[PDB]
Amino acid sequence: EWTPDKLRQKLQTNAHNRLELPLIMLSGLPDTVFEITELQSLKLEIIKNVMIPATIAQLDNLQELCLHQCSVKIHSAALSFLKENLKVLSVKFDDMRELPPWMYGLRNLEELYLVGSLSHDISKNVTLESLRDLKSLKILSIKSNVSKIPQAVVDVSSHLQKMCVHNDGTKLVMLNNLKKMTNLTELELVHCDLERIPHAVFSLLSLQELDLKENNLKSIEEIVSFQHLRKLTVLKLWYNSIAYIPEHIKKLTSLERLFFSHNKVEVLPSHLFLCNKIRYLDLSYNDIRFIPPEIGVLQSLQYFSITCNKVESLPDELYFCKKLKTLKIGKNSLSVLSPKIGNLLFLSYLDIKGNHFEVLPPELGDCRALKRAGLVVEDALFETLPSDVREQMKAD
Amino acid sequence: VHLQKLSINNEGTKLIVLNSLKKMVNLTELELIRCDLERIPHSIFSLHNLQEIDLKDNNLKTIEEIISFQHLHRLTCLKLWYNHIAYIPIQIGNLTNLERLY
Amino acid sequence: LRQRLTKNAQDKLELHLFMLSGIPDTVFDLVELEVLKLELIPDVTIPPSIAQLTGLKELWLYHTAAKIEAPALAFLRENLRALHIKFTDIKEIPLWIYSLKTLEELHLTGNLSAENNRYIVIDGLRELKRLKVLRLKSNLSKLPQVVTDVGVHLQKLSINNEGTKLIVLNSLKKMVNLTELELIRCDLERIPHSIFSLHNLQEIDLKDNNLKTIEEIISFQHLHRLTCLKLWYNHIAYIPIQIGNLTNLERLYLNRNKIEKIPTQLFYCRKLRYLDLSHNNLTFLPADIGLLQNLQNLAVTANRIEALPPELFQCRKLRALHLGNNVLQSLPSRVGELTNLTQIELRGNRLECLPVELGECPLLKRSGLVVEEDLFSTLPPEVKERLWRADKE
Amino acid sequence: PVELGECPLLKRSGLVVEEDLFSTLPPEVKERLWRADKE
């Protein structure tokens with residue numbers, strides 16, 4: 001059925017810059033597929049009752065495998081070669097048996113994408129707790145309704161580094177299994193229904209980043225132990241419900257990325273901007289009443305998003321901070337764009353979309369890195385530049 | 001807050017506005033088609049981002065609320081069509097910024 | 001069959017015949033054909049109607065024994081010029097392929113070491129005086145002497161041995177006309193003196209030759225013709241400074257190796273236009289890259305570079321930046337200086353955000369700028385719209 | 001001679017010069033001549 005020329009037509013690239021063969025709803029796997037030896041990634045979607053022969057030893061260039069909703073079988077030489085060669089795996093378990101039991105005989109595996117679903121008896125999945133045979137695993141993303149973190153992760157904590165979990169309305173419990181994470185660096189928990197940040201995250205002493213996505217954080221009071229995460233630079237607590245921000249932010253100053261978009265914050269304190277190492281601060285689509293002037297302390301800031309706020313007053317000290325590359329103040333309650341805005345030399349992005357402005361000043365020419373694209377505004381605000389300034393601006 | 005166009009067709013039924021439309025900060029095109037208002041409420045000329053205003057088939061015998069539109073900096077097109085407008089007052093000469101005066 | 005027609009890397013019209021009983025007469029009726037692919041056609045007899053294939057220049061007989069007669073033989077001798085015979089037996093190789101006059105490209109695949117037939121079946125290569133390309137994917141242990149007499153007129157000799165050491169003994173000094181010696185998977189682990197003894201090689205690609213130390217490069221400066229020295233797929237662990245002798249190099253492809261670092265003296269070759277260092281162990285990328293003003297595509301994908309030096313952007317001729325899968329902390333705004341950049345691989349990495357100066361590049365488009373969707377969305381909406389409009393048209 | 005190198009007018013499909021010494025000709029000369037066979 002499938003000539004090699006048809007497979008040349010099917011050849012494409014994927015999300016990881018590998019040569020992918022998308023095989024969709026096939027009866028099986030042809031040997032003509034394995035005749036291709038330049039192949040870097042295999043995509044098998046709902047191709048069930050499939051046995052992998054020794055012929056995959058032809059193509060040495062594989063690095064990624066996409067075994068999606070397909071029950072696959074195996075052969076001894078295939079086990080040996082995919083132990084030696086395969087490193088990236090992306091499977092979908094629509095059915096528990098559609099997850100094959102042989103992923104775990106490998107060792108060279110590094111990336112794993114465990115998309116799908118899970119039942120109530122989570123701990124009974126011995127398929128999970130065989131990754132002790134994996135030695136090189138570093139990326140684990142489990143989009144599933146997982147309520148209890150398995151002892152699998154506890155065992156593989158020594159070499160694992162990235163977590164991405166989408167529970168989608170399922171409460172995540174039993175967080176000691178995330179306490180006994182030791183060498184983990186990235187944690188992206190989505191819709192885990194974690195009411196409070198557990199002591200698990202603070203037991204982590206080398207976490208580069210944390211995501212508490214879609215997690216109902218009403219209050220943030222456990223930040224006192226967050227100082228133990230010296231590697232923590234990213235705190236992407238967006239679409240969250242943090243009503244106010246306390247003084248405990250002073251515990252960690254190594255924080256660099258700070259996403260509180262769509263948060264419940266009412267007034268920023270005097271105590272956020274003490275941590276000068278922050279460069280990447282987000283408050284997009286919040287409802288902050290006004291910006292206090294202590295923003296002047298954040299000099300090493302390069303991103304300050306407060307878009308769709310209720311902020312009626314921008315004091316000139318954020319205009320005094322010239323290292324601020326991105327600064328998004330869109331759809332606030334501000335009145336007039338600052339005339340002395342050309343002082344910000346390194347102002348790459350100024351999203352001030354939908355703000356009630358009157359007339360743009362002529363000093364946008366003094367701004368070195370602000371464009372019409374950068375200064376996104378309503379068009380009746382775009383039409384306001386002097387004619388010589390239009391001549392200097394159309395030529396940038 | 002993010003919505004920018006609201007066009008309500010009612011086949012000849014008057015709504016009760018009652019100045020409940022002032023949260024249209026991002027609205028740019030308020031198009032009352034066959035509203036039969038015969039009057040202009042203050043919420044129409046309170047919304048600073050409105051650029052398209054056509055009071056079509058609203059049976060305006062007189063249009064008298066253009067003077068308060070100067071706080072609204074963004075109005076650029078007054079397509080006053082399909083109406084009972086008997087006369088234009090000479091104060092219409094005060095405007096300069098319209099383009100598609102229909 | 002007419003809608004079946006396709007094209008190759010040489011942009012020549014092919015057609016792949018695959019499990020056919022013979023060649024259909026509808027195939028031979030075609031007159032615009034350039035490459036006819038008789039692959040796995042069981043013992044097909046070639047009729048004289050091959051004369052209808054007026055444009056026919058390339059035949060790839062892949063496990064297809066061709067039975068031919070005198071008029072078709074004459075037409076092939078007077079027209080056909082390139083012939084890639086893939087075989088698994090000596091009988092599969094036809095004897096008439098040695099009688100073609102105009103043949104210039106000849107490719108063999110299949111083991112040639114046999115009893116009482118070692119380098120004797122190809123004794124008819126002396127009849128072929130127009131041969132210029134001779135690829136031998138034959139796992140041969142030594143180069144045949146008949147090929148050495150052919151090498152007076154041969155300009156290209158590529159050997160594939162699949163990990164078998166070829167007994168050089170400096171026997172390639174006869175092919176003074178050789179221009180592209182591409183030892184593919186030869187597993188030499190050393191450079192014999194015959195490689196730099198001949199003066200006519202421009203392109204020397206020692207692909208999977210497993211050379212531990214690249215030490216014979218001092219003698220390559222006498223090769224004024226040498227401008228493409230592709231030392232990829234080797235255990236070169238360090239580059240000695242001596243390569244600074246070779247100033248004529250342009251396409252130095254040094255990728256898929258364990259180079260701990262390319263040194264400053266490596267940049268002493270200002271003529272370097274194409275530089276590939278992908279899948280390497282570099283510590284960083286030095287400043288003397290500013291010297292290489294002619295650089296067009298610098299490829300350091302999946303190497304260890306933490307910060308991009310501004311001297312990289314000092315050059316303006318960059319066109320294809322294979323910078324993906326790296327540990328680049330951020331891309332400096334100086335990429336806005338680059339205009340020739342038509343594609344740049346930025347997927348993966350530790351890229352915090354894409355600077356707006358990427359929109360300043362005119363030649364760059366969405367297909368050129370391969371990056372993750374969220375990182376692309378970090379750009380302002382209107383510059384993304386500009387890039388979209390420049391892309392689709 | 002090396003005078004068969006640069007100019008885009010006199011090239012191989014024009015002039016079929018001796019191929020025995022076309023091998024010892026410089027590669028830029030061969031570039032002009034193969035350019036003839038393409039252009």
# chains A, B, ... in the order shown; residues from 1 in each chain; ligands from 1
$ residues_around --residues "segment 93-97 of chain C" --least-positions-apart "5" --cutoff "7 Å" --atoms "only C-alpha atoms" --output "JSON, numbers by chain"
{"C": [65, 66, 87]}
$ closest_atom_pairs --of "chain C" --to "chain A" --cutoff "9 Å" --atoms "only C-alpha atoms" --output "tab-separated table"
residue	atom	partner	partner_atom	distance
C:16	CA	A:5	CA	8.1
C:18	CA	A:3	CA	8.1
C:324	CA	A:17	CA	8.5
C:325	CA	A:16	CA	8.6
C:347	CA	A:16	CA	7.5
C:348	CA	A:16	CA	7.4
C:355	CA	A:348	CA	7.6
C:356	CA	A:348	CA	6.8
C:357	CA	A:369	CA	8.6
C:372	CA	A:15	CA	7.8
C:379	CA	A:374	CA	8.6
C:380	CA	A:374	CA	5.8
C:381	CA	A:373	CA	6.7
C:382	CA	A:373	CA	4.6
C:383	CA	A:373	CA	5.5
C:384	CA	A:373	CA	8.6
$ interface_residues --of "chain C" --to "chain D" --cutoff "10 Å" --atoms "only C-alpha atoms" --output "list in words"
residues 152, 153, 154, 155, 176, 177, 178, 179, 199, 200, 201, 202, 224, 225, 226 and 227 of chain C
$ interface_residues --of "chain B" --to "chain A" --cutoff "8 Å" --atoms "only C-alpha atoms" --output "list in words"
residues 26, 73 and 74 of chain B
$ atom_distance --atom1 "atom CA of residue 109 of chain C" --atom2 "atom CA of residue 10 of chain A"
26.5 Å
$ residues_around --residues "segment 235-239 of chain C" --least-positions-apart "2" --cutoff "8 Å" --atoms "only C-alpha atoms" --output "MDAnalysis selection string"
chainID C and resid 210:214 233 241 243 257:263 266
$ write_last_selection --atoms "N, CA, C and O atoms" --output "PDB file, in the first residue's frame"
ATOM      1  N   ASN C 210      36.145   8.382  11.279  1.00  0.00           N
ATOM      2  CA  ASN C 210      36.540   8.086  12.659  1.00  0.00           C
ATOM      3  C   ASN C 210      37.947   8.586  12.984  1.00  0.00           C
ATOM      4  O   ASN C 210      38.704   7.931  13.704  1.00  0.00           O
ATOM      5  N   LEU C 211      38.298   9.759  12.467  1.00  0.00           N
ATOM      6  CA  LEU C 211      39.624  10.320  12.712  1.00  0.00           C
ATOM      7  C   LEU C 211      39.666  10.929  14.108  1.00  0.00           C
ATOM      8  O   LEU C 211      38.911  11.858  14.411  1.00  0.00           O
ATOM      9  N   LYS C 212      40.545  10.403  14.965  1.00  0.00           N
ATOM     10  CA  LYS C 212      40.634  10.895  16.336  1.00  0.00           C
ATOM     11  C   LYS C 212      41.247  12.289  16.390  1.00  0.00           C
ATOM     12  O   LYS C 212      40.715  13.187  17.055  1.00  0.00           O
ATOM     13  N   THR C 213      42.365  12.492  15.697  1.00  0.00           N
ATOM     14  CA  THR C 213      43.079  13.764  15.721  1.00  0.00           C
ATOM     15  C   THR C 213      43.295  14.230  14.291  1.00  0.00           C
ATOM     16  O   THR C 213      43.854  13.492  13.472  1.00  0.00           O
ATOM     17  N   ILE C 214      42.861  15.454  13.998  1.00  0.00           N
ATOM     18  CA  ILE C 214      42.914  16.001  12.642  1.00  0.00           C
ATOM     19  C   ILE C 214      44.267  16.705  12.500  1.00  0.00           C
ATOM     20  O   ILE C 214      44.428  17.899  12.758  1.00  0.00           O
ATOM     21  N   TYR C 233      31.329  13.806  11.736  1.00  0.00           N
ATOM     22  CA  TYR C 233      31.131  12.398  12.099  1.00  0.00           C
ATOM     23  C   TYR C 233      32.443  11.721  12.496  1.00  0.00           C
ATOM     24  O   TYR C 233      32.750  10.613  12.051  1.00  0.00           O
ATOM     25  N   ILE C 241      45.652  24.556  16.557  1.00  0.00           N
ATOM     26  CA  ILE C 241      45.704  25.891  15.971  1.00  0.00           C
ATOM     27  C   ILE C 241      46.160  25.892  14.518  1.00  0.00           C
ATOM     28  O   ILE C 241      45.867  26.847  13.783  1.00  0.00           O
ATOM     29  N   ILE C 243      45.188  24.711  11.818  1.00  0.00           N
ATOM     30  CA  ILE C 243      44.213  24.877  10.741  1.00  0.00           C
ATOM     31  C   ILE C 243      44.204  26.326  10.260  1.00  0.00           C
ATOM     32  O   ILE C 243      43.823  26.609   9.116  1.00  0.00           O
ATOM     33  N   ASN C 257      30.301  16.160  16.031  1.00  0.00           N
ATOM     34  CA  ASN C 257      31.557  15.727  16.626  1.00  0.00           C
ATOM     35  C   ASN C 257      31.569  16.081  18.111  1.00  0.00           C
ATOM     36  O   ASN C 257      30.585  16.576  18.666  1.00  0.00           O
ATOM     37  N   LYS C 258      32.698  15.805  18.758  1.00  0.00           N
ATOM     38  CA  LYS C 258      32.899  16.115  20.165  1.00  0.00           C
ATOM     39  C   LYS C 258      33.952  17.203  20.339  1.00  0.00           C
ATOM     40  O   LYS C 258      34.817  17.114  21.212  1.00  0.00           O
ATOM     41  N   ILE C 259      33.891  18.229  19.488  1.00  0.00           N
ATOM     42  CA  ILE C 259      34.789  19.370  19.607  1.00  0.00           C
ATOM     43  C   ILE C 259      34.485  20.099  20.905  1.00  0.00           C
ATOM     44  O   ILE C 259      33.377  20.612  21.100  1.00  0.00           O
ATOM     45  N   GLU C 260      35.468  20.139  21.810  1.00  0.00           N
ATOM     46  CA  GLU C 260      35.270  20.834  23.078  1.00  0.00           C
ATOM     47  C   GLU C 260      35.121  22.335  22.866  1.00  0.00           C
ATOM     48  O   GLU C 260      34.388  22.997  23.608  1.00  0.00           O
ATOM     49  N   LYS C 261      35.827  22.886  21.877  1.00  0.00           N
ATOM     50  CA  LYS C 261      35.715  24.292  21.512  1.00  0.00           C
ATOM     51  C   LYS C 261      36.416  24.524  20.179  1.00  0.00           C
ATOM     52  O   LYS C 261      37.484  23.962  19.924  1.00  0.00           O
ATOM     53  N   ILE C 262      35.788  25.327  19.325  1.00  0.00           N
ATOM     54  CA  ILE C 262      36.455  25.912  18.163  1.00  0.00           C
ATOM     55  C   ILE C 262      37.242  27.134  18.631  1.00  0.00           C
ATOM     56  O   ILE C 262      36.715  27.988  19.361  1.00  0.00           O
ATOM     57  N   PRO C 263      38.537  27.194  18.331  1.00  0.00           N
ATOM     58  CA  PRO C 263      39.380  28.251  18.895  1.00  0.00           C
ATOM     59  C   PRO C 263      39.323  29.523  18.068  1.00  0.00           C
ATOM     60  O   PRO C 263      38.712  29.582  16.999  1.00  0.00           O
ATOM     61  N   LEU C 266      40.851  29.180  14.646  1.00  0.00           N
ATOM     62  CA  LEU C 266      39.962  28.613  13.638  1.00  0.00           C
ATOM     63  C   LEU C 266      39.321  29.714  12.804  1.00  0.00           C
ATOM     64  O   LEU C 266      39.116  29.553  11.595  1.00  0.00           O
TER      65      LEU C 266
END
$ residues_around --residues "residue 22 of chain B" --least-positions-apart "6" --cutoff "8 Å" --atoms "only C-alpha atoms" --output "MDAnalysis selection string"
chainID B and resid 43 46:47
$ residues_around --residues "residue 371 of chain C" --least-positions-apart "3" --cutoff "7 Å" --atoms "only C-alpha atoms" --output "list in words"
residues 345, 346, 347, 375 and 376 of chain C
$ write_last_selection --atoms "N, CA, C and O atoms" --output "PDB file, in the first residue's frame"
ATOM      1  N   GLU C 345      16.608  28.983  13.332  1.00  0.00           N
ATOM      2  CA  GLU C 345      16.029  27.940  14.168  1.00  0.00           C
ATOM      3  C   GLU C 345      16.155  28.340  15.631  1.00  0.00           C
ATOM      4  O   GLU C 345      17.256  28.334  16.193  1.00  0.00           O
ATOM      5  N   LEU C 346      15.025  28.685  16.243  1.00  0.00           N
ATOM      6  CA  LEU C 346      14.999  29.148  17.620  1.00  0.00           C
ATOM      7  C   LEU C 346      14.133  28.292  18.525  1.00  0.00           C
ATOM      8  O   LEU C 346      13.786  28.745  19.622  1.00  0.00           O
ATOM      9  N   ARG C 347      13.775  27.080  18.111  1.00  0.00           N
ATOM     10  CA  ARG C 347      12.891  26.241  18.903  1.00  0.00           C
ATOM     11  C   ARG C 347      13.671  25.516  19.993  1.00  0.00           C
ATOM     12  O   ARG C 347      14.785  25.036  19.766  1.00  0.00           O
ATOM     13  N   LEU C 375       6.200  31.543  22.574  1.00  0.00           N
ATOM     14  CA  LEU C 375       7.296  32.497  22.434  1.00  0.00           C
ATOM     15  C   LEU C 375       7.067  33.425  21.249  1.00  0.00           C
ATOM     16  O   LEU C 375       7.398  34.615  21.310  1.00  0.00           O
ATOM     17  N   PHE C 376       6.504  32.898  20.159  1.00  0.00           N
ATOM     18  CA  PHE C 376       6.117  33.749  19.041  1.00  0.00           C
ATOM     19  C   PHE C 376       5.006  34.711  19.444  1.00  0.00           C
ATOM     20  O   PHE C 376       4.985  35.865  19.003  1.00  0.00           O
TER      21      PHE C 376
END
$ select_by_dssp --residues "segment 69-151 of chain A" --states "strand (DSSP E or B)" --output "short mmCIF file (atom, residue, chain, number, x, y, z; two decimals) with N, CA, C and O atoms, in the first residue's frame"
data_model
loop_
_atom_site.label_atom_id
_atom_site.label_comp_id
_atom_site.auth_asym_id
_atom_site.auth_seq_id
_atom_site.Cartn_x
_atom_site.Cartn_y
_atom_site.Cartn_z
N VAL A 72 0.94 -1.61 21.23
CA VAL A 72 2.05 -2.04 20.40
C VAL A 72 2.72 -3.25 21.06
O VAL A 72 2.71 -3.38 22.29
N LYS A 73 3.23 -4.15 20.23
CA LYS A 73 3.97 -5.32 20.67
C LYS A 73 5.44 -5.13 20.31
O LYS A 73 5.83 -4.11 19.72
N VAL A 88 13.27 9.88 23.39
CA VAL A 88 12.09 10.73 23.55
C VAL A 88 10.84 9.91 23.22
O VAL A 88 10.76 9.28 22.16
N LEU A 89 9.87 9.93 24.13
CA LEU A 89 8.65 9.14 24.00
C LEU A 89 7.44 10.01 24.30
O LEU A 89 7.47 10.82 25.23
N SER A 90 6.38 9.85 23.50
CA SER A 90 5.13 10.62 23.65
C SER A 90 3.96 9.68 23.35
O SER A 90 3.60 9.47 22.20
N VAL A 91 3.36 9.13 24.40
CA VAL A 91 2.29 8.15 24.25
C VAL A 91 0.99 8.73 24.78
O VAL A 91 1.00 9.64 25.62
N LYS A 92 -0.13 8.24 24.26
CA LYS A 92 -1.45 8.60 24.77
C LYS A 92 -2.18 7.33 25.18
O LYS A 92 -2.35 6.42 24.37
N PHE A 93 -2.59 7.27 26.45
CA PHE A 93 -3.31 6.10 26.95
C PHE A 93 -4.79 6.43 27.13
O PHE A 93 -5.27 6.74 28.22
N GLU A 111 12.78 11.97 27.59
CA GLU A 111 11.55 12.73 27.62
C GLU A 111 10.35 11.79 27.57
O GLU A 111 10.36 10.80 26.83
N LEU A 112 9.32 12.12 28.35
CA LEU A 112 8.11 11.32 28.40
C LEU A 112 6.90 12.24 28.45
O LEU A 112 6.89 13.21 29.22
N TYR A 113 5.90 11.95 27.62
CA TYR A 113 4.68 12.74 27.50
C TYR A 113 3.50 11.81 27.78
O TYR A 113 3.00 11.14 26.87
N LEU A 114 3.06 11.74 29.04
CA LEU A 114 2.03 10.79 29.45
C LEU A 114 0.66 11.46 29.42
O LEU A 114 0.01 11.70 30.44
N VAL A 115 0.20 11.75 28.20
CA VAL A 115 -1.12 12.33 28.00
C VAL A 115 -2.19 11.24 28.04
O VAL A 115 -1.97 10.09 27.63
N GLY A 116 -3.37 11.58 28.58
CA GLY A 116 -4.49 10.62 28.65
C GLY A 116 -5.38 10.76 29.87
O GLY A 116 -5.82 11.90 30.14
N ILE A 139 12.42 14.57 31.39
CA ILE A 139 11.20 15.31 31.10
C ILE A 139 10.02 14.37 31.28
O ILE A 139 9.98 13.29 30.66
N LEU A 140 9.06 14.76 32.12
CA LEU A 140 7.86 13.97 32.38
C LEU A 140 6.67 14.93 32.39
O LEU A 140 6.59 15.82 33.24
N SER A 141 5.73 14.72 31.47
CA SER A 141 4.53 15.54 31.37
C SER A 141 3.33 14.60 31.34
O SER A 141 3.13 13.85 30.38
N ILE A 142 2.53 14.65 32.40
CA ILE A 142 1.40 13.73 32.54
C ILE A 142 0.09 14.49 32.50
O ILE A 142 -0.42 14.92 33.54
N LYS A 148 -3.36 11.21 42.96
CA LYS A 148 -2.23 10.88 43.81
C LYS A 148 -0.97 10.75 42.97
O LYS A 148 -0.94 9.97 42.01
#
$ atom_distance --atom1 "atom CA of residue 362 of chain A" --atom2 "atom CA of residue 336 of chain A"
12.9 Å
$ atom_distance --atom1 "atom CA of residue 82 of chain B" --atom2 "atom CA of residue 32 of chain B"
12.2 Å
$ residues_around --residues "residue 36 of chain C" --least-positions-apart "2" --cutoff "7 Å" --atoms "only C-alpha atoms" --output "ChimeraX atom specification"
/C:14-16,33-34,38,58-60
$ write_last_selection --atoms "N, CA, C and O atoms" --output "PDB file, in the first residue's frame"
ATOM      1  N   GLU C  14      11.925  12.421 -12.667  1.00  0.00           N
ATOM      2  CA  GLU C  14      12.054  10.981 -12.502  1.00  0.00           C
ATOM      3  C   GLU C  14      10.696  10.316 -12.658  1.00  0.00           C
ATOM      4  O   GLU C  14       9.680  10.977 -12.888  1.00  0.00           O
ATOM      5  N   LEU C  15      10.704   8.990 -12.515  1.00  0.00           N
ATOM      6  CA  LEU C  15       9.518   8.192 -12.210  1.00  0.00           C
ATOM      7  C   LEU C  15       9.984   6.869 -11.622  1.00  0.00           C
ATOM      8  O   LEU C  15      10.813   6.185 -12.226  1.00  0.00           O
ATOM      9  N   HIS C  16       9.456   6.510 -10.452  1.00  0.00           N
ATOM     10  CA  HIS C  16       9.874   5.311  -9.727  1.00  0.00           C
ATOM     11  C   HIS C  16       8.962   4.151 -10.120  1.00  0.00           C
ATOM     12  O   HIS C  16       7.754   4.191  -9.869  1.00  0.00           O
ATOM     13  N   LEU C  33      10.998  12.392 -20.026  1.00  0.00           N
ATOM     14  CA  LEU C  33      11.606  11.693 -18.902  1.00  0.00           C
ATOM     15  C   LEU C  33      13.105  11.938 -18.856  1.00  0.00           C
ATOM     16  O   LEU C  33      13.798  11.903 -19.875  1.00  0.00           O
ATOM     17  N   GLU C  34      13.597  12.184 -17.655  1.00  0.00           N
ATOM     18  CA  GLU C  34      15.016  12.340 -17.418  1.00  0.00           C
ATOM     19  C   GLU C  34      15.632  11.194 -16.635  1.00  0.00           C
ATOM     20  O   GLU C  34      16.747  10.786 -16.956  1.00  0.00           O
ATOM     21  N   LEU C  38      14.172   1.739 -12.946  1.00  0.00           N
ATOM     22  CA  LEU C  38      13.868   0.318 -13.022  1.00  0.00           C
ATOM     23  C   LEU C  38      14.331  -0.340 -11.730  1.00  0.00           C
ATOM     24  O   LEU C  38      15.464  -0.824 -11.643  1.00  0.00           O
ATOM     25  N   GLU C  58      19.435   9.288 -17.134  1.00  0.00           N
ATOM     26  CA  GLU C  58      19.698   8.614 -15.870  1.00  0.00           C
ATOM     27  C   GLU C  58      18.848   7.354 -15.757  1.00  0.00           C
ATOM     28  O   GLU C  58      17.632   7.400 -15.954  1.00  0.00           O
ATOM     29  N   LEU C  59      19.505   6.229 -15.469  1.00  0.00           N
ATOM     30  CA  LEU C  59      18.850   4.942 -15.256  1.00  0.00           C
ATOM     31  C   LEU C  59      19.363   4.403 -13.931  1.00  0.00           C
ATOM     32  O   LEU C  59      20.580   4.295 -13.747  1.00  0.00           O
ATOM     33  N   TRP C  60      18.467   4.061 -13.001  1.00  0.00           N
ATOM     34  CA  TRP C  60      18.921   3.449 -11.752  1.00  0.00           C
ATOM     35  C   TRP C  60      18.382   2.021 -11.700  1.00  0.00           C
ATOM     36  O   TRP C  60      17.281   1.781 -11.201  1.00  0.00           O
TER      37      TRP C  60
END
$ residues_around --residues "residue 15 of chain D" --least-positions-apart "5" --cutoff "12 Å" --atoms "only C-alpha atoms" --output "MDAnalysis selection string"
chainID D and resid 4 9:10 22 32:34 36:37
$ write_last_selection --atoms "C-alpha atoms" --output "PDB file, in the first residue's frame"
ATOM      1  CA  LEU D   4      38.711  31.077 -18.506  1.00  0.00           C
ATOM      2  CA  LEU D   9      30.216  35.212 -21.862  1.00  0.00           C
ATOM      3  CA  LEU D  10      32.954  32.807 -22.973  1.00  0.00           C
ATOM      4  CA  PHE D  22      40.519  21.438 -18.244  1.00  0.00           C
ATOM      5  CA  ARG D  32      32.487  29.401 -15.281  1.00  0.00           C
ATOM      6  CA  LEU D  33      32.356  26.371 -17.589  1.00  0.00           C
ATOM      7  CA  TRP D  34      29.844  24.422 -15.504  1.00  0.00           C
ATOM      8  CA  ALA D  36      27.716  27.497 -19.072  1.00  0.00           C
ATOM      9  CA  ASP D  37      26.311  23.999 -18.746  1.00  0.00           C
TER      10      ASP D  37
END
$ select_by_dssp --residues "chain D" --states "helix (DSSP H, G or I)" --output "VMD selection string"
chain D and resid 2 to 4 19 to 22 27 to 38
